[PDB]
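Here the structure is laid out as structure tokens; the discussion comes afterwards.
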Amino acid sequence: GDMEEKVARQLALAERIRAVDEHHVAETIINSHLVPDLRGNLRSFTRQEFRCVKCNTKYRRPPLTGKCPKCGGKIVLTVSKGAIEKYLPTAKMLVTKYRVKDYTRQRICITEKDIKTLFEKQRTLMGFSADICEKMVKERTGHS
Amino acid sequence: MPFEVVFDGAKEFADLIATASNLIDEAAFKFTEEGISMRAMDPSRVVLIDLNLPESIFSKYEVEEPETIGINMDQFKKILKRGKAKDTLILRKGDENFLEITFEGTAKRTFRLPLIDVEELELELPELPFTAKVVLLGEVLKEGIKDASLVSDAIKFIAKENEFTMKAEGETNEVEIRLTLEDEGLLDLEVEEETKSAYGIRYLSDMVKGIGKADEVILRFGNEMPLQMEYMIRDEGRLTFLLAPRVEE
Amino acid sequence: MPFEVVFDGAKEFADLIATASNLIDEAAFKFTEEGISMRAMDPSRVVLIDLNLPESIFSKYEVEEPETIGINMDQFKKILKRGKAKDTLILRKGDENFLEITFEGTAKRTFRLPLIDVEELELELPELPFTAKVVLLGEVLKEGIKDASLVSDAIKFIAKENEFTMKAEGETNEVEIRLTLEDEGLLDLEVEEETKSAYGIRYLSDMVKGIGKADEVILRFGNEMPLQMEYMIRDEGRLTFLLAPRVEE
Amino acid sequence: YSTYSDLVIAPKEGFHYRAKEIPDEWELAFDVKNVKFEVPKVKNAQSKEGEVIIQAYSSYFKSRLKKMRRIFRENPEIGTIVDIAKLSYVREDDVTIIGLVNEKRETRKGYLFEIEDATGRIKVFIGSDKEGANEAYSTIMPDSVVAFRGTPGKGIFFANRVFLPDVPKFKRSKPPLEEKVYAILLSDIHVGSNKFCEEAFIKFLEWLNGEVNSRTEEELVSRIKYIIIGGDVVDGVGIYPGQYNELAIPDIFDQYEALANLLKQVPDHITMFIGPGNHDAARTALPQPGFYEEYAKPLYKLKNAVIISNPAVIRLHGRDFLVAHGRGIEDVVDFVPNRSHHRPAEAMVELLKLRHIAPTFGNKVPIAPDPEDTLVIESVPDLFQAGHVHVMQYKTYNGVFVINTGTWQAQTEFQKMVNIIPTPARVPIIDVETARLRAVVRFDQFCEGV
DNA sequence: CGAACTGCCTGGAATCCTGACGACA
DNA sequence: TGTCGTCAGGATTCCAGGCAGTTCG
Ligand SMILES: [Fe+3]
Ligand SMILES: [Zn+2]
């Protein structure tokens, strides 16, 4: 699932850090997994192929007709958004632990994509949410 | 660090800490010469829970020095599942990281647990003008929120001079409840001006279902300012939830 | 059509609705000067359910024009889940084609819902050979359906001039439920011919989910003919199922 | 690395200067017209758990159907418009229906149109066996709105007669003007790329600044006041790993800053109208007003650069232009034969024949579910546009100006894989005083051949 | 002669392991 | 062909309010 793989990856990074005496850099397979994941997520969201629950063989067209004409119930859709929502904290923690370039654009792009796809509607007077992403964004804004 | 607190029957405290665990997991109980205190923030920085219990709640209370200890909410929820309403809860702690929970009765029970530490940052909430105060019963609010929970999540409270209204809007459902001084669910009103605010009711429903029916509640809010729901435990301790409303219509 | 109906027994109304809920999601209620005629037909076309509630039942009855409504089971059950007996049930309507349910007494709850307009069909009530009538008790009916919902699936009713037996078999077990003057549940009856019929168990088990324990329900059937299970409430309202006989294996 | 912060050249002082009145107006702006008060309220009433994509999709479909029905009712030719429920009302009468679809079949009698929509089932002996043969053959089969007129079925609404969704051709003459304002069709710039034509682009910019060569060019640039452009200045991230070697500039925000600084040195009397593109630093779906707060700070620093949306409909002195990119043209060229990548006029007329940008689904362009539909064209536009086609072809279809922009950089690796030659170094500058052109200046010889 | 004060116990509901589905490499 | 997420679903135990048995002015 997620717990064992995430714990194994974190422990591998930690033992590599102990071995190299706390001196490492960023990796590339994380991006080689995220960018195809983002593209596949976008393609699945633009396809939206549904399937009737009891009508297991008749695949309903993306045009919504209310319900299945042969089964007056809900139609199971292909969201495919729970995987990226769980993969985002991995890249967030990685970019917080180690600083690298050429990927803050991808990070802000995927975060804004999630935000404007949902479009954080409640906020108190005392915010100040710590985020290395927002920190680097403000830094680049000031540098611009 | 060492202390001993004995009380014959603590089911209220048990369900209270159960609600606190359902709210958040990381929590630290600070033990001072006056009693116990706790303040739990929110991972999404939207809700704040506060509780204080002086030394006039339990039967036996002997503390050595004021400090801050930590208890895992999961490990505590795995403990309160055996709390009989006619038991004698004894919380004992020494200098080592050993916490003892004892129960005396038909069979002497004693559970030892490790004591981890919590490093949650504590900050005093700044003062804010309420401009709207009311004291109501818990059962009426609980049943109203349980009736308006299935239709929608944004429940709107409106308060005017000697007038209260709890409504639930939507596109295919509408609920309304009126409250006056001669009603059966209002204890007292301290309204100042016409206020109206809509709040989410997930944590609301959970925290009002965790609290019993005969208990009373005190709501403090304003036009669009965050709401604070407080109540008293055995006329000595205090407990208050605090959370901001939504900006949508 | 602006109308107003005020009476007591919201618990009884919720019980009747739950008894006539799991059949269809939307039932046709003709609300006329003489009262409420609710009809519904099962989607599988196995049982036709109908209730007749006269006007003299309600304490306050103000009606301008007779109309028809399609009552939705989802919203009706989500609203009637809080039916009480110490309060007063009110159903009102104004000029808008909506539905307003008022609840006074221990509180003041107003529920406004949009009246959906879905198509409906009219069905008749055919005269049927009636030669075996028995009054049964809720406890006996519950225990019979419970022992017939574990192993057995095919039931056979045999009503003789002095007794009533039920032979149940699903795959291997032979159940025989025999009732006669030996029990207080069967004291009055009307049987002139020995009638035999075959039926199932799942539809009955789904339809008896809203019946009472201390209630007395009348049941009339004959030789492999449809069954009429009726019961009266408040001396005026009547509610009746129309079960179809199963001739297959 | 390069920075592009040194190209600072004063315009031609000897060139005839002229500053006249410049009434600048627009029609479409999603930031004030689309998300004003309708977007936040879609359902706003759910249980403790549920979904919103299906509700937003249904609301978008209903709004689009309502807008199309309103447009067809505004069309003063079609009458006796009923719904599928009214099938229980009308018994024996030839009925007209502007409907959605389920599938298309090419039969001998007429065309066999299976039709699904939000109300019922419509069989059609649709009249594509009429003057609208090529039209209904080039329309999209799984996602389109076609107009049928004919018979009542035996339970399924089963029409039998011809109709395509035509646009009003007969139009009145717009009020004439006394000067010349220009649309210079330039899109898919892709600055900071390894194959970008930097020298040709800076030479074209210096020539547009006033340094002209020919007398006709000087006379044409002496009265230019508006410069309408498409946009698409960058590519972004998230294309292919080899894009790392394709990035001639390591940064992208620096690319934006350099582009803004290069476009800032232009004079102030020339008002440029720029918009985003397909490779936007925003939601990959359509449509989008512009960039974020950080990605548009130099754009706000620039005053005369009117940052229009993409797609966006602009109205100026009675002339209607629209700036769009379009991606369903690939679906069209894959569906109907007799079409090629070098047929942008045909692709754009196929897009325009439905009063919508791209109603097709299951394609390579994303569309997020939003109830507000803006791709419906209210009035007849006087300037069409496309994007990422990298081909140029001028077209006047029924008095409507449908012209392509092309590209301005060399052939990319994707084009080499597809083995299609692009049309770079194209300056099509059109006057629209009467919804027309001006000329097409070309300087391809200024760069090497690819 | 009626009213709280429990047992208890059964209905209602929250929890969860199992059985379907789709996504990438 | 390996992996990962979602969904429903029915069987389960836990909680709460009604039915019943019981000691008080
Ligand atoms: Fe391009
Ligand atoms: Zn492009």
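For the structure tokens, the naming scheme is as follows: chains receive sequential letters (A, B, ...) according to their order of presentation, residues are indexed from 1 within each chain, and ligands are indexed from 1 in presentation order.
The set of residues in region 345-397 of chain D assigned to helix (DSSP H, G or I) by DSSP, using only backbone atoms of this structure, is residues 345, 346, 347, 348, 349, 350, 351 and 352 of chain D.
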Same residues, N, CA, C and O atoms, saved as an mmCIF file, in the first residue's frame:
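The result, stored in selection08.cif:
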```cif
data_model
loop_
_atom_site.group_PDB
_atom_site.id
_atom_site.type_symbol
_atom_site.label_atom_id
_atom_site.label_comp_id
_atom_site.auth_asym_id
_atom_site.auth_seq_id
_atom_site.Cartn_x
_atom_site.Cartn_y
_atom_site.Cartn_z
ATOM 1 N N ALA D 345 -7.872 26.454 -42.375
ATOM 2 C CA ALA D 345 -9.162 27.045 -42.710
ATOM 3 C C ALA D 345 -10.286 26.033 -42.525
ATOM 4 O O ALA D 345 -11.319 26.337 -41.915
ATOM 5 N N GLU D 346 -10.092 24.814 -43.034
ATOM 6 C CA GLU D 346 -11.102 23.773 -42.872
ATOM 7 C C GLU D 346 -11.271 23.387 -41.408
ATOM 8 O O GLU D 346 -12.401 23.228 -40.929
ATOM 9 N N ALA D 347 -10.162 23.238 -40.677
ATOM 10 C CA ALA D 347 -10.261 22.888 -39.261
ATOM 11 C C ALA D 347 -11.008 23.960 -38.475
ATOM 12 O O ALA D 347 -11.870 23.651 -37.640
ATOM 13 N N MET D 348 -10.711 25.233 -38.745
ATOM 14 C CA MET D 348 -11.340 26.316 -38.004
ATOM 15 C C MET D 348 -12.795 26.507 -38.405
ATOM 16 O O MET D 348 -13.614 26.896 -37.568
ATOM 17 N N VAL D 349 -13.150 26.227 -39.663
ATOM 18 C CA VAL D 349 -14.560 26.301 -40.029
ATOM 19 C C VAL D 349 -15.328 25.134 -39.416
ATOM 20 O O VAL D 349 -16.501 25.281 -39.046
ATOM 21 N N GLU D 350 -14.677 23.976 -39.260
ATOM 22 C CA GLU D 350 -15.301 22.870 -38.544
ATOM 23 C C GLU D 350 -15.508 23.219 -37.077
ATOM 24 O O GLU D 350 -16.517 22.832 -36.474
ATOM 25 N N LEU D 351 -14.557 23.943 -36.485
ATOM 26 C CA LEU D 351 -14.727 24.397 -35.108
ATOM 27 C C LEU D 351 -15.843 25.431 -34.996
ATOM 28 O O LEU D 351 -16.659 25.375 -34.069
ATOM 29 N N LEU D 352 -15.898 26.377 -35.935
ATOM 30 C CA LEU D 352 -16.853 27.476 -35.876
ATOM 31 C C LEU D 352 -18.272 27.061 -36.240
ATOM 32 O O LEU D 352 -19.219 27.764 -35.872
#
```
Once you count only C-alpha atoms, which residues of chain D turn out to be within 12 Å of chain B? Could you give them as a compact mmCIF listing (two decimals) with C-alpha atoms, in the first residue's frame?
```
# COMPACT_ATOMS: atom_id res chain seq x y z
CA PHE D 37 -21.20 35.46 -8.64
CA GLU D 38 -22.15 32.22 -10.44
CA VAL D 39 -19.08 29.97 -10.06
CA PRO D 40 -19.02 29.67 -6.22
CA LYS D 41 -22.70 28.60 -6.16
CA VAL D 42 -23.15 25.27 -7.96
CA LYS D 43 -24.72 22.90 -5.43
CA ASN D 44 -23.49 24.02 -1.96
CA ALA D 45 -25.80 21.39 -0.41
CA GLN D 46 -24.44 17.88 0.16
CA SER D 47 -24.31 15.24 2.87
CA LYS D 48 -21.35 14.52 5.14
CA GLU D 49 -19.67 12.80 2.17
CA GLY D 50 -20.24 13.06 -1.56
```
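For the pair CA of residue 35 (chain A) and CA of residue 106 (chain A), the interatomic distance is 8.2 Å.
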Checklist line | Cα RMSD of chain B after least-squares fit onto chain C, all atoms paired in order | finding: 1.6 Å
Would you write out, as a Markdown table, a table of all residues in chain D that have an atom no more than 9 Å from an atom of ligand 2, listing for each the closest atom pair and the distance in Å to one decimal, considering only C-alpha atoms and all ligand atoms and ordering rows by chain and rising residue number?
```
| residue | atom | partner | partner_atom_place_in_ligand_line | distance |
| --- | --- | --- | --- | --- |
| D:187 | CA | ligand 2 | 1 (Zn) | 7.3 |
| D:188 | CA | ligand 2 | 1 (Zn) | 4.9 |
| D:189 | CA | ligand 2 | 1 (Zn) | 8.4 |
| D:190 | CA | ligand 2 | 1 (Zn) | 8.4 |
| D:231 | CA | ligand 2 | 1 (Zn) | 8.9 |
| D:232 | CA | ligand 2 | 1 (Zn) | 5.9 |
| D:233 | CA | ligand 2 | 1 (Zn) | 8.8 |
| D:234 | CA | ligand 2 | 1 (Zn) | 8.7 |
| D:235 | CA | ligand 2 | 1 (Zn) | 7.8 |
| D:277 | CA | ligand 2 | 1 (Zn) | 5.9 |
| D:278 | CA | ligand 2 | 1 (Zn) | 4.8 |
| D:279 | CA | ligand 2 | 1 (Zn) | 5.9 |
| D:280 | CA | ligand 2 | 1 (Zn) | 8.9 |
| D:325 | CA | ligand 2 | 1 (Zn) | 6.8 |
| D:326 | CA | ligand 2 | 1 (Zn) | 8.9 |
| D:386 | CA | ligand 2 | 1 (Zn) | 8.7 |
| D:387 | CA | ligand 2 | 1 (Zn) | 5.0 |
| D:388 | CA | ligand 2 | 1 (Zn) | 3.6 |
| D:389 | CA | ligand 2 | 1 (Zn) | 7.4 |
| D:390 | CA | ligand 2 | 1 (Zn) | 8.5 |
```
The selected residues should be written to file as a short mmCIF file (atom, residue, chain, number, x, y, z; two decimals), in the first residue's frame (atoms: N, CA and C atoms).
```cif
data_model
loop_
_atom_site.label_atom_id
_atom_site.label_comp_id
_atom_site.auth_asym_id
_atom_site.auth_seq_id
_atom_site.Cartn_x
_atom_site.Cartn_y
_atom_site.Cartn_z
N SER D 187 1.62 33.68 -32.82
CA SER D 187 1.33 32.80 -31.70
C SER D 187 2.40 31.71 -31.64
N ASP D 188 2.43 31.00 -30.51
CA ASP D 188 3.40 29.94 -30.25
C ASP D 188 4.83 30.46 -30.41
N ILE D 189 5.16 31.46 -29.59
CA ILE D 189 6.49 32.05 -29.63
C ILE D 189 7.52 31.08 -29.07
N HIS D 190 7.26 30.54 -27.88
CA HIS D 190 8.16 29.61 -27.20
C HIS D 190 9.56 30.21 -27.04
N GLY D 231 -0.35 35.28 -28.53
CA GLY D 231 0.35 34.97 -27.30
C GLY D 231 1.18 33.72 -27.39
N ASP D 232 1.07 32.84 -26.39
CA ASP D 232 1.81 31.58 -26.35
C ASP D 232 3.32 31.83 -26.44
N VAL D 233 3.83 32.47 -25.38
CA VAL D 233 5.22 32.91 -25.37
C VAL D 233 6.19 31.88 -24.80
N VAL D 234 5.71 30.91 -24.02
CA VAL D 234 6.56 29.92 -23.38
C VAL D 234 5.95 28.53 -23.58
N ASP D 235 6.62 27.53 -23.01
CA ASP D 235 6.18 26.15 -23.09
C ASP D 235 5.87 25.52 -21.74
N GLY D 277 -1.65 31.19 -23.82
CA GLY D 277 -1.71 30.15 -24.82
C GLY D 277 -1.99 28.78 -24.25
N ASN D 278 -1.79 27.73 -25.06
CA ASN D 278 -2.02 26.37 -24.59
C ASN D 278 -1.01 25.99 -23.51
N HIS D 279 0.26 26.35 -23.71
CA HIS D 279 1.31 26.05 -22.74
C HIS D 279 1.37 27.14 -21.67
N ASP D 280 0.25 27.30 -20.98
CA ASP D 280 0.09 28.34 -19.97
C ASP D 280 0.60 27.86 -18.62
N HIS D 325 -6.93 28.98 -28.86
CA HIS D 325 -5.90 28.04 -29.28
C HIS D 325 -6.47 26.86 -30.04
N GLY D 326 -7.39 26.11 -29.43
CA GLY D 326 -8.03 25.00 -30.10
C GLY D 326 -7.20 23.74 -30.11
N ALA D 386 -6.25 30.40 -34.13
CA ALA D 386 -5.95 29.06 -33.64
C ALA D 386 -4.60 29.11 -32.94
N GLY D 387 -4.06 27.94 -32.62
CA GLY D 387 -2.79 27.87 -31.92
C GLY D 387 -2.15 26.51 -32.04
N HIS D 388 -0.82 26.49 -31.97
CA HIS D 388 -0.01 25.27 -32.01
C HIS D 388 -0.22 24.47 -33.29
N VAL D 389 -0.75 25.09 -34.34
CA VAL D 389 -0.82 24.44 -35.64
C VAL D 389 0.45 24.69 -36.45
N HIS D 390 1.07 25.86 -36.26
CA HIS D 390 2.32 26.21 -36.93
C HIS D 390 2.17 26.19 -38.45
#
```
Kindly determine which residues of chain D lie within 10 Å of chain A, considering only C-alpha atoms, and give the answer as a PDB file with C-alpha atoms, in the first residue's frame.
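iface.pdb was written with the following content:
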```pdb
ATOM      1  CA  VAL D  39     -19.076  29.970 -10.058  1.00  0.00           C
ATOM      2  CA  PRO D  40     -19.021  29.671  -6.219  1.00  0.00           C
ATOM      3  CA  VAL D  52     -19.143  17.446  -6.911  1.00  0.00           C
ATOM      4  CA  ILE D  53     -17.639  16.605 -10.328  1.00  0.00           C
ATOM      5  CA  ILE D  54     -20.835  14.908 -11.525  1.00  0.00           C
ATOM      6  CA  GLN D  55     -22.983  17.831 -10.359  1.00  0.00           C
ATOM      7  CA  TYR D  57     -20.708  18.305 -15.240  1.00  0.00           C
ATOM      8  CA  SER D  58     -24.511  18.144 -15.238  1.00  0.00           C
ATOM      9  CA  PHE D  61     -24.209  20.436 -19.822  1.00  0.00           C
ATOM     10  CA  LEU D 100     -27.406  16.111 -28.616  1.00  0.00           C
ATOM     11  CA  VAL D 101     -26.331  12.702 -29.934  1.00  0.00           C
ATOM     12  CA  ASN D 102     -25.389   9.095 -29.197  1.00  0.00           C
ATOM     13  CA  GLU D 116     -28.978  10.738 -26.231  1.00  0.00           C
ATOM     14  CA  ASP D 117     -29.455  13.888 -24.156  1.00  0.00           C
ATOM     15  CA  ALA D 118     -30.712  14.708 -20.651  1.00  0.00           C
ATOM     16  CA  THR D 119     -34.354  13.928 -21.475  1.00  0.00           C
ATOM     17  CA  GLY D 120     -34.787  10.790 -23.588  1.00  0.00           C
ATOM     18  CA  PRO D 142     -19.883  11.201 -30.261  1.00  0.00           C
ATOM     19  CA  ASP D 143     -20.155  14.855 -29.119  1.00  0.00           C
ATOM     20  CA  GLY D 236       6.348  25.321 -19.382  1.00  0.00           C
ATOM     21  CA  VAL D 237       7.228  22.052 -17.692  1.00  0.00           C
ATOM     22  CA  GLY D 238       5.595  18.647 -17.995  1.00  0.00           C
ATOM     23  CA  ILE D 239       6.081  17.622 -21.634  1.00  0.00           C
ATOM     24  CA  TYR D 240       8.882  15.032 -21.891  1.00  0.00           C
ATOM     25  CA  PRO D 241      12.221  14.308 -20.165  1.00  0.00           C
ATOM     26  CA  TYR D 244      15.546  19.291 -20.088  1.00  0.00           C
ATOM     27  CA  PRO D 250      17.633  27.289 -17.091  1.00  0.00           C
ATOM     28  CA  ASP D 251      14.841  29.387 -15.544  1.00  0.00           C
ATOM     29  CA  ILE D 252      11.299  30.179 -16.664  1.00  0.00           C
ATOM     30  CA  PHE D 253      10.490  33.166 -14.447  1.00  0.00           C
ATOM     31  CA  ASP D 254      13.658  34.743 -15.831  1.00  0.00           C
ATOM     32  CA  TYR D 256       9.057  35.820 -18.409  1.00  0.00           C
ATOM     33  CA  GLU D 257      11.004  38.770 -16.988  1.00  0.00           C
ATOM     34  CA  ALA D 281       1.466  28.531 -16.431  1.00  0.00           C
ATOM     35  CA  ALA D 282      -2.053  27.910 -15.149  1.00  0.00           C
ATOM     36  CA  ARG D 283      -4.816  25.294 -15.319  1.00  0.00           C
ATOM     37  CA  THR D 284      -4.152  23.041 -18.311  1.00  0.00           C
ATOM     38  CA  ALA D 285      -7.921  22.910 -18.861  1.00  0.00           C
ATOM     39  CA  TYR D 292      -0.896  33.926 -11.250  1.00  0.00           C
ATOM     40  CA  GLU D 293       0.046  36.938  -9.123  1.00  0.00           C
ATOM     41  CA  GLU D 294       3.789  36.278  -9.392  1.00  0.00           C
ATOM     42  CA  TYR D 295       3.782  35.249 -13.065  1.00  0.00           C
ATOM     43  CA  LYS D 297       3.788  41.053 -11.933  1.00  0.00           C
ATOM     44  CA  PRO D 298       5.836  42.377 -14.899  1.00  0.00           C
ATOM     45  CA  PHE D 361     -14.709  15.012 -25.216  1.00  0.00           C
ATOM     46  CA  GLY D 362     -12.220  12.231 -24.612  1.00  0.00           C
ATOM     47  CA  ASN D 363      -9.475  14.227 -26.351  1.00  0.00           C
ATOM     48  CA  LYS D 364      -6.000  15.566 -25.554  1.00  0.00           C
ATOM     49  CA  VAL D 365      -7.336  18.895 -24.196  1.00  0.00           C
ATOM     50  CA  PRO D 366      -8.665  19.090 -20.615  1.00  0.00           C
ATOM     51  CA  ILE D 367     -11.930  20.730 -19.578  1.00  0.00           C
ATOM     52  CA  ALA D 368     -12.631  21.151 -15.875  1.00  0.00           C
ATOM     53  CA  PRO D 369     -16.309  20.879 -14.845  1.00  0.00           C
ATOM     54  CA  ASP D 370     -17.694  24.398 -14.398  1.00  0.00           C
TER      55      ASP D 370
END
```
Margin query: Need to verify the contact set: residue 198 (chain D), 12 Å, only C-alpha atoms (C1' of nucleotides), exclusion of same-chain residues closer than 2 positions in sequence. Can you return it as a list in words?
Written below: residues 2, 4, 7, 189, 190, 191, 192, 193, 194, 195, 196, 200, 201, 202, 203, 204, 205, 248, 259, 262, 408, 409, 410, 425, 446, 447 and 448 of chain D
Notebook entry, point to check: Counting only C-alpha atoms (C1' of nucleotides), what is within 10 Å of region 9-23 of chain E, bar same-chain residues fewer than 3 positions away, as a PyMOL selection string?
Noted result: (chain A and resi 37+40-41+44+49-51+53+56+76-81+83) or (chain F and resi 4-19)
Next item on the list: Could you please select, counting only C-alpha atoms, the residues of chain C within 8 Å of chain B and state them as a list in words?
Entry: residues 78, 79, 82, 106, 107, 108, 109, 110, 111, 112, 113 and 114 of chain C
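Non-sequential neighbours of residue 266 (chain D) (distance at most 8 Å, separation of 4 or more positions within a chain, only C-alpha atoms (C1' of nucleotides)) are residues 11, 209, 262 and 270 of chain D.
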Excluding same-chain residues fewer than 3 positions from residue 93 (chain C), what lies within 6 Å of it counting only C-alpha atoms (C1' of nucleotides), as a compact mmCIF listing (two decimals) with C-alpha atoms, in the first residue's frame?
```
# COMPACT_ATOMS: atom_id res chain seq x y z
CA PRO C 2 -52.20 26.04 0.88
CA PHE C 3 -53.37 23.55 3.52
CA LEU C 99 -44.09 21.16 1.53
CA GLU C 100 -43.87 22.55 5.06
```
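Take CA of residue 94 (chain B) and CA of residue 25 (chain B): the distance between them is 24.0 Å.
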Next item on the list: Step one, run DSSP on the backbone; step two, keep only residues of region 55-233 of chain B assigned to strand (DSSP E); then write them as a PyMOL selection string.
Entry: chain B and resi 60-63+67-70+88-93+98-103+109-114+132-137+154-160+163-168+174-179+186-191+195-200+216-220+227-233
Checklist line | For region 333-338 of chain D: contacts at 10 Å, only C-alpha atoms (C1' of nucleotides), fewer than 5 positions along chain excluded, given as JSON, numbers by chain | finding: {"D": [134, 137, 138, 139, 140, 141, 328, 343, 346, 347, 350]}
Any chance you could export the current selection's C-alpha atoms as an mmCIF file, in the first residue's frame?
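This went into selection-v3.cif:
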```cif
data_model
loop_
_atom_site.group_PDB
_atom_site.id
_atom_site.type_symbol
_atom_site.label_atom_id
_atom_site.label_comp_id
_atom_site.auth_asym_id
_atom_site.auth_seq_id
_atom_site.Cartn_x
_atom_site.Cartn_y
_atom_site.Cartn_z
ATOM 1 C CA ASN D 134 -20.429 17.154 -46.128
ATOM 2 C CA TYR D 137 -20.222 14.068 -42.285
ATOM 3 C CA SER D 138 -17.542 16.440 -40.961
ATOM 4 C CA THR D 139 -19.363 17.090 -37.678
ATOM 5 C CA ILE D 140 -18.320 15.145 -34.586
ATOM 6 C CA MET D 141 -20.116 11.837 -34.046
ATOM 7 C CA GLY D 328 -10.188 19.429 -31.131
ATOM 8 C CA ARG D 343 -5.876 22.798 -43.740
ATOM 9 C CA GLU D 346 -11.102 23.773 -42.872
ATOM 10 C CA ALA D 347 -10.261 22.888 -39.261
ATOM 11 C CA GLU D 350 -15.301 22.870 -38.544
#
```
Closest-contact table, chain A side, partner chain B, 7 Å, counting only C-alpha atoms, as JSON lines:
```
{"residue": "A:121", "atom": "CA", "partner": "B:246", "partner_atom": "CA", "distance": 6.5}
{"residue": "A:122", "atom": "CA", "partner": "B:246", "partner_atom": "CA", "distance": 5.0}
{"residue": "A:123", "atom": "CA", "partner": "B:46", "partner_atom": "CA", "distance": 6.8}
{"residue": "A:124", "atom": "CA", "partner": "B:244", "partner_atom": "CA", "distance": 5.9}
```
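Here is the contact set of chain B against chain F, at 12 Å and counting only C-alpha atoms (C1' of nucleotides): residues 81, 209, 210 and 212 of chain B.
Computed from the coordinates, the CA of residue 183 (chain D) to CA of residue 16 (chain D) distance equals 20.6 Å.
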